[PDB]
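To be precise, the following lines are protein_23.tsv, and they hold TSV, C-alpha atoms and all ligand atoms.
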```
chain	number	residue	atom	x	y	z
H	15	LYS	CA	23.96	-22.32	17.56
H	16	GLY	CA	22.22	-19.20	16.22
H	17	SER	CA	24.80	-18.74	13.42
H	18	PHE	CA	23.58	-18.61	9.77
H	19	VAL	CA	25.49	-21.94	9.25
H	20	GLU	CA	23.24	-23.68	11.88
H	21	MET	CA	20.18	-22.20	10.02
H	22	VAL	CA	21.15	-23.80	6.66
H	23	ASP	CA	18.70	-26.66	5.70
H	24	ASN	CA	16.19	-25.78	8.53
H	25	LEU	CA	13.22	-26.09	6.08
H	26	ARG	CA	11.45	-29.25	4.83
H	27	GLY	CA	8.45	-29.79	2.63
H	28	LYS	CA	6.18	-31.84	0.44
H	29	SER	CA	5.94	-30.47	-3.18
H	30	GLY	CA	2.85	-28.21	-3.48
H	31	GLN	CA	2.27	-28.42	0.29
H	32	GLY	CA	4.49	-25.60	1.47
H	33	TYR	CA	7.77	-25.29	3.28
H	34	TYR	CA	7.96	-25.62	7.04
H	35	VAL	CA	10.30	-24.78	9.94
H	36	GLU	CA	10.42	-26.42	13.35
H	37	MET	CA	9.23	-24.13	16.16
H	38	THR	CA	8.46	-24.36	19.87
H	39	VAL	CA	5.47	-22.80	21.60
H	40	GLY	CA	4.85	-22.46	25.36
H	41	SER	CA	6.73	-23.36	28.55
H	42	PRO	CA	7.73	-26.19	28.71
H	43	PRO	CA	8.36	-26.07	24.91
H	44	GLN	CA	5.94	-27.86	22.56
H	45	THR	CA	7.53	-28.80	19.23
H	46	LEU	CA	5.52	-28.00	16.07
H	47	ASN	CA	6.20	-27.83	12.34
H	48	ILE	CA	5.19	-24.42	10.98
H	49	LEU	CA	4.51	-23.39	7.36
H	50	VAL	CA	6.69	-20.37	6.35
H	51	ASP	CA	4.22	-17.91	4.81
H	52	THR	CA	5.20	-14.55	3.32
H	53	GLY	CA	1.57	-14.15	2.14
H	54	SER	CA	-0.07	-13.69	5.58
H	55	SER	CA	0.71	-12.01	8.93
H	56	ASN	CA	-0.74	-14.29	11.66
H	57	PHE	CA	1.14	-16.89	13.68
H	58	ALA	CA	-1.72	-19.48	13.84
H	59	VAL	CA	-1.37	-23.03	15.15
H	60	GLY	CA	-3.62	-26.09	15.40
H	61	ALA	CA	-4.76	-26.11	19.05
H	62	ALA	CA	-7.29	-28.98	19.06
H	63	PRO	CA	-7.32	-32.53	17.53
H	64	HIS	CA	-7.83	-32.85	13.73
H	65	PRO	CA	-7.62	-35.92	11.39
H	66	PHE	CA	-4.70	-34.29	9.47
H	67	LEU	CA	-2.82	-33.11	12.64
H	68	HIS	CA	0.02	-35.28	14.08
H	69	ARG	CA	0.18	-32.99	17.16
H	70	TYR	CA	-1.30	-29.65	18.35
H	71	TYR	CA	-0.65	-26.76	20.77
H	72	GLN	CA	-2.01	-27.57	24.28
H	73	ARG	CA	-2.39	-24.22	26.05
H	74	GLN	CA	-3.33	-25.85	29.42
H	75	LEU	CA	0.21	-27.32	29.58
H	76	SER	CA	1.90	-23.89	29.16
H	77	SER	CA	2.38	-21.66	32.30
H	78	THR	CA	3.62	-18.81	30.06
H	79	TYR	CA	0.35	-18.76	28.02
H	80	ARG	CA	-1.68	-15.56	28.41
H	81	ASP	CA	-5.27	-15.45	27.08
H	82	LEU	CA	-6.10	-12.22	25.15
H	83	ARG	CA	-9.89	-12.88	25.53
H	84	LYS	CA	-10.35	-12.31	21.80
H	85	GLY	CA	-11.67	-14.48	18.99
H	86	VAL	CA	-10.31	-14.58	15.45
H	87	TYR	CA	-12.35	-15.79	12.42
H	88	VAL	CA	-10.52	-16.19	9.13
H	89	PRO	CA	-12.62	-17.12	6.05
H	90	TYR	CA	-10.62	-17.04	2.76
H	92	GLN	CA	-10.67	-21.72	-0.50
H	93	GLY	CA	-11.40	-22.46	3.19
H	94	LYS	CA	-11.26	-21.07	6.73
H	95	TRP	CA	-9.76	-21.20	10.23
H	96	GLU	CA	-11.00	-19.79	13.51
H	97	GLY	CA	-9.72	-19.65	17.04
H	98	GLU	CA	-8.67	-17.64	20.09
H	99	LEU	CA	-5.84	-15.18	20.58
H	100	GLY	CA	-3.20	-15.25	23.25
H	101	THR	CA	0.52	-14.78	23.75
H	102	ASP	CA	3.26	-17.25	24.66
H	103	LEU	CA	6.99	-17.97	24.47
H	104	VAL	CA	8.19	-18.93	21.01
H	105	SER	CA	11.56	-20.14	19.66
H	106	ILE	CA	12.97	-21.57	16.39
H	107	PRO	CA	15.46	-24.37	17.36
H	108	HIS	CA	17.32	-24.11	14.01
H	109	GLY	CA	16.95	-20.33	13.83
H	110	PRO	CA	18.32	-17.44	15.95
H	111	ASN	CA	19.43	-18.35	19.48
H	112	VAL	CA	16.48	-16.50	21.12
H	113	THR	CA	13.08	-16.89	22.82
H	114	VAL	CA	10.42	-14.25	22.33
H	115	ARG	CA	6.93	-13.57	23.60
H	116	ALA	CA	4.61	-13.46	20.57
H	117	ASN	CA	0.95	-13.40	19.64
H	118	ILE	CA	-0.48	-16.83	18.84
H	119	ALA	CA	-3.88	-17.65	17.28
H	120	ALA	CA	-4.90	-21.03	18.67
H	121	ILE	CA	-6.89	-22.69	15.81
H	122	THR	CA	-9.89	-24.50	17.34
H	123	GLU	CA	-11.98	-25.03	14.10
H	124	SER	CA	-10.94	-25.08	10.38
H	125	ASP	CA	-12.10	-25.92	6.84
H	126	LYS	CA	-9.67	-27.10	4.08
H	127	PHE	CA	-6.77	-25.41	5.93
H	128	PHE	CA	-4.76	-28.42	7.18
H	129	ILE	CA	-3.55	-30.87	4.43
H	130	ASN	CA	-3.27	-34.67	4.92
H	131	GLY	CA	0.46	-35.61	5.23
H	132	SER	CA	1.90	-32.06	4.84
H	133	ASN	CA	3.78	-32.56	8.15
H	134	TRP	CA	2.94	-29.00	9.38
H	135	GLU	CA	0.65	-27.97	12.30
H	136	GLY	CA	0.47	-24.21	11.90
H	137	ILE	CA	1.46	-21.17	9.84
H	138	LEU	CA	4.04	-18.43	10.40
H	139	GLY	CA	2.65	-15.30	8.73
H	140	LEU	CA	5.80	-13.24	7.84
H	141	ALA	CA	4.04	-10.29	6.12
H	142	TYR	CA	3.07	-6.98	7.73
H	143	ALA	CA	0.65	-5.90	10.47
H	144	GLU	CA	-1.63	-4.20	7.89
H	145	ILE	CA	-3.03	-7.64	6.80
H	146	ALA	CA	-3.05	-9.29	10.28
H	147	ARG	CA	-6.44	-10.62	11.55
H	148	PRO	CA	-8.66	-9.39	13.30
H	149	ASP	CA	-6.84	-6.09	12.58
H	150	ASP	CA	-3.42	-4.30	12.41
H	151	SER	CA	-3.13	-4.07	16.24
H	152	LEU	CA	-2.10	-7.79	16.41
H	153	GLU	CA	1.66	-7.54	16.15
H	154	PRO	CA	3.06	-10.22	13.75
H	155	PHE	CA	5.77	-12.63	14.89
H	156	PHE	CA	8.72	-11.06	12.97
H	157	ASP	CA	7.89	-7.55	14.41
H	158	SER	CA	8.01	-9.03	18.00
H	159	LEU	CA	11.23	-10.93	17.24
H	160	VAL	CA	12.91	-7.68	16.03
H	161	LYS	CA	11.54	-5.54	18.92
H	162	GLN	CA	12.64	-8.03	21.65
H	163	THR	CA	16.10	-9.03	20.40
H	164	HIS	CA	19.10	-7.72	18.44
H	165	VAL	CA	18.03	-9.78	15.35
H	166	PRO	CA	18.43	-7.54	12.21
H	167	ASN	CA	15.14	-6.68	10.46
H	168	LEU	CA	15.65	-9.07	7.50
H	169	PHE	CA	15.14	-12.73	6.61
H	170	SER	CA	15.95	-14.75	3.53
H	171	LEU	CA	14.42	-17.83	1.91
H	172	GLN	CA	16.16	-20.52	-0.16
H	173	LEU	CA	13.32	-22.82	-1.29
H	174	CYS	CA	14.61	-26.04	-2.84
H	175	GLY	CA	12.15	-27.85	-5.12
H	190	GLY	CA	13.99	-28.79	1.67
H	191	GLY	CA	15.57	-25.36	1.96
H	192	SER	CA	16.75	-22.67	4.35
H	193	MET	CA	15.24	-19.70	6.19
H	194	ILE	CA	18.04	-17.37	7.33
H	195	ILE	CA	16.70	-15.02	10.00
H	196	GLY	CA	18.57	-11.73	10.45
H	197	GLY	CA	20.94	-12.15	7.53
H	198	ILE	CA	22.17	-13.25	4.10
H	199	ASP	CA	24.15	-16.51	3.73
H	200	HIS	CA	26.50	-16.23	0.70
H	201	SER	CA	26.77	-20.06	0.29
H	202	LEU	CA	23.06	-20.13	-0.70
H	203	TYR	CA	23.44	-18.23	-3.99
H	204	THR	CA	25.74	-17.36	-6.88
H	205	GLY	CA	26.20	-14.09	-8.80
H	206	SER	CA	24.63	-10.74	-7.83
H	207	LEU	CA	21.65	-9.94	-5.63
H	208	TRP	CA	19.21	-7.65	-7.52
H	209	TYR	CA	16.70	-5.61	-5.47
H	210	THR	CA	13.13	-4.64	-6.18
H	211	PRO	CA	11.35	-2.15	-3.87
H	212	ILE	CA	8.58	-3.27	-1.47
H	213	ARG	CA	5.87	-0.91	-2.85
H	214	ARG	CA	3.72	-0.96	0.33
H	215	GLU	CA	4.24	-2.78	3.62
H	216	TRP	CA	1.12	-5.07	3.77
H	217	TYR	CA	1.76	-8.17	1.66
H	218	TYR	CA	5.32	-8.13	0.24
H	219	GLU	CA	4.09	-6.09	-2.72
H	220	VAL	CA	6.32	-5.62	-5.76
H	221	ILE	CA	6.02	-4.22	-9.31
H	222	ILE	CA	6.43	-6.29	-12.52
H	223	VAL	CA	7.39	-3.99	-15.46
H	224	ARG	CA	7.62	-6.48	-18.38
H	225	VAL	CA	6.91	-10.19	-19.05
H	226	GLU	CA	8.60	-12.25	-21.80
H	227	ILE	CA	7.98	-15.82	-22.86
H	228	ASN	CA	10.60	-17.46	-25.14
H	229	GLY	CA	12.19	-13.94	-25.17
H	230	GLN	CA	9.00	-12.53	-26.73
H	231	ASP	CA	7.50	-9.51	-24.93
H	232	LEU	CA	3.80	-9.96	-24.03
H	233	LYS	CA	3.45	-6.25	-25.10
H	234	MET	CA	0.86	-5.19	-22.48
H	235	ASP	CA	0.67	-1.96	-20.54
H	236	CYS	CA	2.78	-2.85	-17.45
H	237	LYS	CA	-0.16	-1.94	-15.09
H	238	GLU	CA	-1.84	-5.18	-16.44
H	239	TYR	CA	0.93	-7.25	-14.74
H	240	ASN	CA	0.15	-5.63	-11.35
H	241	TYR	CA	-3.67	-5.63	-11.50
H	242	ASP	CA	-4.56	-5.12	-8.55
H	243	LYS	CA	-1.25	-5.91	-6.73
H	244	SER	CA	1.75	-8.23	-7.30
H	245	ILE	CA	3.08	-10.08	-4.25
H	246	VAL	CA	5.88	-12.57	-3.25
H	247	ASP	CA	4.12	-15.44	-1.47
H	248	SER	CA	5.87	-18.57	-0.09
H	249	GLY	CA	2.39	-19.74	1.07
H	250	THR	CA	1.06	-20.05	-2.53
H	251	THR	CA	2.33	-22.91	-4.78
H	252	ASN	CA	1.77	-21.41	-8.25
H	253	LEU	CA	2.74	-18.43	-10.27
H	254	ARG	CA	-0.72	-16.74	-10.32
H	255	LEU	CA	-1.46	-14.14	-13.03
H	256	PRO	CA	-4.34	-11.64	-13.68
H	257	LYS	CA	-6.78	-13.03	-16.30
H	258	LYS	CA	-5.46	-10.92	-19.25
H	259	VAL	CA	-1.78	-11.82	-18.44
H	260	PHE	CA	-2.68	-15.50	-17.77
H	261	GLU	CA	-4.46	-15.81	-21.19
H	262	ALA	CA	-1.52	-14.22	-23.07
H	263	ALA	CA	0.99	-16.44	-21.17
H	264	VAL	CA	-0.93	-19.65	-21.99
H	265	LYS	CA	-1.25	-18.68	-25.71
H	266	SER	CA	2.52	-18.05	-25.86
H	267	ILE	CA	3.51	-21.24	-24.01
H	268	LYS	CA	1.15	-23.31	-26.23
H	269	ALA	CA	2.79	-21.79	-29.38
H	270	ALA	CA	6.33	-22.64	-28.15
H	271	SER	CA	5.31	-26.20	-27.12
H	272	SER	CA	3.10	-26.85	-30.22
H	273	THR	CA	5.02	-30.10	-31.24
H	274	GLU	CA	2.82	-31.77	-28.53
H	275	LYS	CA	-0.83	-31.05	-27.75
H	276	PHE	CA	-2.10	-31.38	-24.20
H	277	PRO	CA	-5.71	-31.52	-22.80
H	278	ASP	CA	-7.32	-28.14	-21.99
H	279	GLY	CA	-7.57	-29.35	-18.39
H	280	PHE	CA	-3.76	-29.35	-18.28
H	281	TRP	CA	-3.61	-25.60	-19.06
H	282	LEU	CA	-6.32	-25.06	-16.37
H	283	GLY	CA	-4.11	-26.86	-13.77
H	284	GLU	CA	-6.75	-29.55	-13.10
H	285	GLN	CA	-5.19	-32.37	-15.16
H	286	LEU	CA	-1.72	-33.98	-15.18
H	287	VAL	CA	0.58	-34.44	-18.17
H	288	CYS	CA	2.74	-37.58	-18.05
H	289	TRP	CA	5.77	-38.84	-19.94
H	290	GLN	CA	7.69	-42.11	-19.63
H	291	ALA	CA	10.20	-41.75	-16.70
H	292	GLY	CA	13.23	-39.61	-17.63
H	293	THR	CA	11.82	-38.47	-21.01
H	294	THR	CA	10.19	-35.11	-20.09
H	295	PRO	CA	10.69	-32.87	-23.22
H	296	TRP	CA	11.95	-29.79	-21.29
H	297	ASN	CA	13.30	-28.21	-24.58
H	298	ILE	CA	9.78	-27.75	-26.08
H	299	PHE	CA	8.75	-25.48	-23.15
H	300	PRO	CA	9.87	-21.84	-23.10
H	301	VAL	CA	11.60	-19.79	-20.46
H	302	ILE	CA	9.44	-17.11	-18.72
H	303	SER	CA	11.10	-13.83	-17.75
H	304	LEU	CA	9.57	-11.52	-15.14
H	305	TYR	CA	11.14	-8.05	-15.17
H	306	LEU	CA	10.94	-6.45	-11.75
H	307	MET	CA	11.13	-2.72	-10.96
H	308	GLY	CA	14.69	-1.67	-9.98
H	309	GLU	CA	15.73	0.63	-7.12
H	310	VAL	CA	16.40	3.42	-9.73
H	311	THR	CA	13.86	5.06	-12.14
H	312	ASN	CA	13.11	3.06	-15.31
H	313	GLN	CA	15.81	0.45	-14.51
H	314	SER	CA	14.71	-3.18	-14.03
H	315	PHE	CA	16.18	-6.67	-13.71
H	316	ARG	CA	14.72	-9.98	-14.79
H	317	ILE	CA	14.22	-13.31	-13.12
H	318	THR	CA	14.09	-16.20	-15.59
H	319	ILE	CA	12.08	-19.34	-14.79
H	320	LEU	CA	12.50	-22.65	-16.59
H	321	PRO	CA	9.77	-25.29	-17.23
H	322	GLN	CA	11.49	-27.31	-14.41
H	323	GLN	CA	9.98	-24.63	-12.11
H	324	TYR	CA	6.56	-24.07	-13.76
H	325	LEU	CA	5.77	-27.79	-14.43
H	326	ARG	CA	5.35	-29.12	-10.88
H	327	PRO	CA	6.00	-32.87	-10.51
H	328	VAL	CA	3.18	-34.76	-8.75
H	329	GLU	CA	4.72	-37.64	-6.76
H	330	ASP	CA	2.51	-40.71	-6.92
H	331	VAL	CA	3.69	-44.32	-6.62
H	332	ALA	CA	0.70	-45.42	-8.78
H	333	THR	CA	1.83	-43.23	-11.78
H	334	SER	CA	5.56	-43.92	-11.17
H	335	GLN	CA	6.28	-45.69	-14.45
H	336	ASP	CA	5.98	-42.01	-15.61
H	337	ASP	CA	6.90	-38.48	-14.55
H	338	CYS	CA	3.57	-36.52	-14.18
H	339	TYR	CA	3.22	-32.76	-13.85
H	340	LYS	CA	0.62	-30.13	-13.08
H	341	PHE	CA	0.90	-26.79	-14.92
H	342	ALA	CA	1.79	-24.48	-11.97
H	343	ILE	CA	0.68	-21.19	-13.60
H	344	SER	CA	-2.92	-20.23	-12.86
H	345	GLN	CA	-5.47	-17.45	-13.22
H	346	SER	CA	-5.97	-14.99	-10.39
H	347	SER	CA	-8.67	-12.34	-9.79
H	348	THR	CA	-6.60	-10.83	-6.88
H	349	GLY	CA	-3.38	-9.88	-8.70
H	350	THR	CA	-0.07	-11.63	-9.54
H	351	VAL	CA	1.25	-14.09	-6.99
H	352	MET	CA	4.91	-15.06	-7.23
H	353	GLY	CA	4.49	-18.35	-5.40
H	354	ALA	CA	6.84	-21.20	-4.38
H	355	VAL	CA	7.37	-22.36	-7.98
H	356	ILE	CA	8.89	-18.91	-8.74
H	357	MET	CA	10.89	-18.67	-5.43
H	358	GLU	CA	12.39	-22.17	-5.99
H	359	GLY	CA	15.92	-21.83	-7.40
H	360	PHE	CA	16.22	-18.20	-6.27
H	361	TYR	CA	17.64	-16.98	-3.03
H	362	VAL	CA	15.08	-14.41	-1.91
H	363	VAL	CA	15.99	-11.69	0.60
H	364	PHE	CA	13.16	-10.00	2.48
H	365	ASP	CA	15.05	-6.85	3.34
H	366	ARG	CA	12.45	-5.23	5.62
H	367	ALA	CA	15.03	-2.70	7.03
H	368	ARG	CA	15.59	-1.25	3.51
H	369	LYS	CA	11.96	-1.92	2.25
H	370	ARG	CA	13.25	-4.09	-0.64
H	371	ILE	CA	13.31	-7.69	-1.87
H	372	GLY	CA	16.51	-9.22	-3.26
H	373	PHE	CA	16.77	-12.06	-5.78
H	374	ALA	CA	19.83	-14.13	-6.69
H	375	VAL	CA	20.27	-17.46	-8.49
H	376	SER	CA	19.97	-20.18	-5.82
H	377	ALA	CA	22.75	-22.76	-5.17
H	378	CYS	CA	19.84	-25.27	-5.45
H	381	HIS	CA	17.82	-26.91	-14.43
H	382	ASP	CA	19.51	-28.77	-17.35
H	383	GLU	CA	22.60	-28.83	-19.70
H	384	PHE	CA	20.99	-26.24	-22.06
H	385	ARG	CA	19.54	-23.55	-19.76
H	386	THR	CA	19.79	-22.19	-16.21
H	387	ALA	CA	17.43	-19.90	-14.18
H	388	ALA	CA	18.85	-16.34	-14.06
H	389	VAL	CA	18.75	-13.02	-12.17
H	390	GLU	CA	20.13	-10.37	-14.46
H	391	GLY	CA	20.26	-6.73	-15.38
H	392	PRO	CA	20.10	-3.81	-15.71
H	393	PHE	CA	17.38	-3.11	-18.29
H	394	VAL	CA	16.31	0.37	-19.39
H	395	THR	CA	12.76	1.34	-20.49
H	396	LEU	CA	12.69	5.06	-21.51
H	398	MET	CA	7.98	4.44	-19.07
H	399	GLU	CA	4.72	5.13	-17.16
H	400	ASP	CA	4.16	4.03	-13.53
H	401	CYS	CA	3.47	0.27	-13.51
H	402	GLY	CA	1.46	0.10	-10.27
H	403	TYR	CA	-2.27	0.41	-9.34
O	501	LIG	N1	-0.27	-17.23	1.49
O	501	LIG	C1	-1.34	-17.89	2.03
O	501	LIG	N2	-1.38	-18.47	3.19
O	501	LIG	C2	-2.70	-19.10	3.41
O	501	LIG	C3	-2.63	-20.61	3.52
O	501	LIG	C4	-3.51	-21.31	4.33
O	501	LIG	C5	-3.44	-22.68	4.42
O	501	LIG	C6	-2.51	-23.38	3.68
O	501	LIG	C7	-1.63	-22.72	2.85
O	501	LIG	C8	-0.70	-23.46	1.99
O	501	LIG	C9	-1.07	-24.64	1.36
O	501	LIG	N3	-0.30	-25.31	0.49
O	501	LIG	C10	0.90	-24.76	0.25
O	501	LIG	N4	1.40	-23.66	0.82
O	501	LIG	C11	0.57	-23.04	1.67
O	501	LIG	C12	-1.71	-21.34	2.78
O	501	LIG	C13	-3.35	-18.43	4.63
O	501	LIG	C14	-4.65	-17.97	4.49
O	501	LIG	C15	-5.30	-17.37	5.54
O	501	LIG	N5	-4.75	-17.21	6.75
O	501	LIG	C16	-3.49	-17.63	6.92
O	501	LIG	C17	-2.97	-17.45	8.32
O	501	LIG	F1	-2.54	-18.60	8.89
O	501	LIG	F2	-2.03	-16.46	8.54
O	501	LIG	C18	-2.76	-18.25	5.90
O	501	LIG	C19	-3.40	-18.81	2.10
O	501	LIG	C20	-4.66	-19.17	1.66
O	501	LIG	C21	-5.08	-18.76	0.40
O	501	LIG	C22	-4.25	-17.99	-0.41
O	501	LIG	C23	-2.99	-17.64	0.03
O	501	LIG	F3	-2.23	-16.87	-0.77
O	501	LIG	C24	-2.59	-18.08	1.28
O	502	NA	NA	16.19	-4.61	17.85
```

Would you encode the structure as structure tokens?
Amino acid sequence: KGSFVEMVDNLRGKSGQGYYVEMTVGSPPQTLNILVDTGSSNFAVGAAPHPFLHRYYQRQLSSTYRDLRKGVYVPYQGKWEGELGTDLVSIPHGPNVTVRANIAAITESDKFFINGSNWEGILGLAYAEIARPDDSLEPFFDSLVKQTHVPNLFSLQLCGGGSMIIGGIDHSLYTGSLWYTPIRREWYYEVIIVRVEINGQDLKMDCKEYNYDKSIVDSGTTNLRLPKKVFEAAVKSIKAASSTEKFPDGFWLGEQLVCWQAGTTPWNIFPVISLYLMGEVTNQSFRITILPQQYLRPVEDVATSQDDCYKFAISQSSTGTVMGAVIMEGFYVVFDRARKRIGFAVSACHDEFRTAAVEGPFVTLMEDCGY
């Protein structure tokens, strides 16, 4: 155990409900399913009964628990609040190690836990800068790296199951080349989008529009979220490409499903979306190409099962671009913290006409694209 091979397929999930890894907290170990979240920096676990919780962290049963005598209140679409402490943590299908880490024991929450998601807490994988109550609460990955010989890198293969490879890159999880984009600032995993194309047609905006006010890679968000101006242009362009069929406005707003008779989804009418990411060299970029099989999220429901029903998984944001799970799915994503960069490669996990791609280089002879 502890080898990248034994880490393959260590993630599970429910579509739109996040991807989770099995973890243990306390001594003796208490097994919990934990949402893998690149969009936050707290390790926070249900620590009191809840209607949506199968199990929860019982601090009174752990001799290794240490109370930090400090509250944490996290309002955000909902909220969670609790108490801080430290305890022994391990990932049974991860590295062969046990570490002492900060843990926020969630004692009260609103719209945080989801009915039937199968997870009991969240593993915030981003940086200390966005940790709550402040940057002095060391995130889990920082403790893991400080306490062991685990390399300062992790990778995610999200399969729309999947794999979280801690401390390395597993070559069996992707094909082709790994293309790197710089982490602009170590808070969220912030990146820069330099160009957006839909059906190979450039949106023709100043590239700063794509990164208003930041662009991040977030496994804890389902959708591709875009700033208002970008979102409006994307929708207009997708509507034009798919004009042979007209859908309700609620569909485009992500509040209404679109259904087709089972096996008849007209994938061909929907365009490919290309996001060009800043390269590791000046004015060089690479693109990641997403198919409608990624941006039209199937909604599993026995009641609608004579059909295949989808939610449009692209939505408006007022807090910048969010490259959520629907974007990460079908790409092997390397969070290369040691080299302050994020790598993308086509994942080993489309149709007979098109395939998702990671390709480059592209030259734009260009202004700075960030805020
Ligand atoms: N990326 C994020 N992680 C948060 C979160 C909280 C609860 C459930 C999910 C989730 C639901 N469905 C599918 N995937 C994920 C995500 C989050 C917000 C605040 N505090 C934390 C904390 F635990 F670190 C996490 C969250 C809330 C809102 C916007 C976001 F970008 C995130
Ligand atoms: Na180390």

List as a PyMOL selection string the protein and nucleic acid residues near residue H:326, meaning an atom at most 6 Å away when all atoms listed in the file are counted, but skip any in the same chain fewer than 3 places from it. chain H and resi 339-340+342

Give the residues close to ligand LIG 501 (chain O), within 8 Å, counting only C-alpha atoms and all ligand atoms; write them as a VMD selection string. chain H and resid 30 to 33 49 51 to 59 88 to 90 92 to 95 126 to 129 136 to 139 146 to 147 247 to 251 351 354

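Listed by chain and then residue number, the contacts of ligand NA 502 (chain O) are residues 156, 157, 158, 159, 160, 161, 162, 163, 164, 165, 166, 167, 168, 196 and 367 of chain H (distance at most 12 Å, using all atoms listed in the file).
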
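Using only C-alpha atoms, the smallest distance between any of H:350, H:29, H:17, H:228 and residue H:255 comes from H:350.
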
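Separating atom CA of residue H:376 from atom CA of residue H:302 is a distance of 16.9 Å.
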
Counting all atoms listed in the file, what are the residues of stretch 148-233 of chain H within 12 Å of stretch 267-278 of chain H, and for each of them which pair of atoms is the nearest and at what distance in Å, to one decimal? Sort the table by chain and rising number, as a tab-separated table.
```
residue	atom	partner	partner_atom	distance
H:226	CA	H:267	CA	10.6
H:227	CA	H:267	CA	7.1
H:228	CA	H:270	CA	7.4
H:229	CA	H:270	CA	10.9
H:230	CA	H:270	CA	10.6
H:232	CA	H:267	CA	11.3
```

Any idea what the distance is between atom CA of residue H:236 and atom CA of residue H:259? 10.1 Å

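Nearest residue to residue H:77, choosing from H:110, H:42, H:63, H:148 and counting all atoms listed in the file: H:42.
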
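A straight line drawn from atom CA of residue H:174 to atom CA of residue H:375 is 11.7 Å long.
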
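Distances from H:211, H:191, H:131, H:40 to residue H:116 were compared using all atoms listed in the file, and the smallest one belongs to H:40.
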
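When all atoms listed in the file are used to measure the gap to residue H:38, the shortest distance among H:105, H:122, H:348, H:78 belongs to H:105.
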
Give me, as JSON lines, the closest atom pair and its distance (Å, one decimal) for every residue of stretch 213-266 of chain H within a cut-off of 9 Å of stretch 398-403 of chain H, counting all atoms listed in the file, rows sorted by chain and rising number.
```
{"residue": "H:213", "atom": "CA", "partner": "H:402", "partner_atom": "CA", "distance": 8.7}
{"residue": "H:220", "atom": "CA", "partner": "H:402", "partner_atom": "CA", "distance": 8.8}
{"residue": "H:221", "atom": "CA", "partner": "H:402", "partner_atom": "CA", "distance": 6.4}
{"residue": "H:222", "atom": "CA", "partner": "H:401", "partner_atom": "CA", "distance": 7.3}
{"residue": "H:223", "atom": "CA", "partner": "H:401", "partner_atom": "CA", "distance": 6.1}
{"residue": "H:235", "atom": "CA", "partner": "H:401", "partner_atom": "CA", "distance": 7.9}
{"residue": "H:236", "atom": "CA", "partner": "H:401", "partner_atom": "CA", "distance": 5.1}
{"residue": "H:237", "atom": "CA", "partner": "H:401", "partner_atom": "CA", "distance": 4.5}
{"residue": "H:238", "atom": "CA", "partner": "H:401", "partner_atom": "CA", "distance": 8.2}
{"residue": "H:239", "atom": "CA", "partner": "H:401", "partner_atom": "CA", "distance": 8.0}
{"residue": "H:240", "atom": "CA", "partner": "H:402", "partner_atom": "CA", "distance": 6.0}
{"residue": "H:241", "atom": "CA", "partner": "H:403", "partner_atom": "CA", "distance": 6.6}
{"residue": "H:242", "atom": "CA", "partner": "H:403", "partner_atom": "CA", "distance": 6.0}
{"residue": "H:243", "atom": "CA", "partner": "H:403", "partner_atom": "CA", "distance": 6.9}
{"residue": "H:244", "atom": "CA", "partner": "H:402", "partner_atom": "CA", "distance": 8.8}
```

Can you tell me which residues surround residue H:260 at a distance of at most 10 Å, considering only C-alpha atoms, apart from same-chain residues fewer than 4 positions away, and format the answer as a list in words? residues 239, 253, 254, 255, 256, 264, 265, 266, 343, 344, 345, 346 and 350 of chain H

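Among the candidate residues H:396, H:86, H:245, H:46, the one lying nearest to residue H:371 is H:245, with distances computed using all atoms listed in the file.
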
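For the set H:73, H:233, H:28, H:214, the residue with the smallest atom-to-atom gap to residue H:44 is H:73, counting all atoms listed in the file.
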
With all atoms of stretch 317-332 of chain H from the file as input, state the centre and edge lengths in Å to one decimal of the axis-aligned box that has 8 Å extra on each side, as JSON.
```
{"center_x": 7.5, "center_y": -29.4, "center_z": -11.9, "size_x": 29.5, "size_y": 48.1, "size_z": 26.6}
```

I want to know what sits within 8 Å of residue H:171, based on only C-alpha atoms, with residues of the same chain fewer than 5 positions away left out; could you give that as a PyMOL selection string? chain H and resi 191-194+361-364
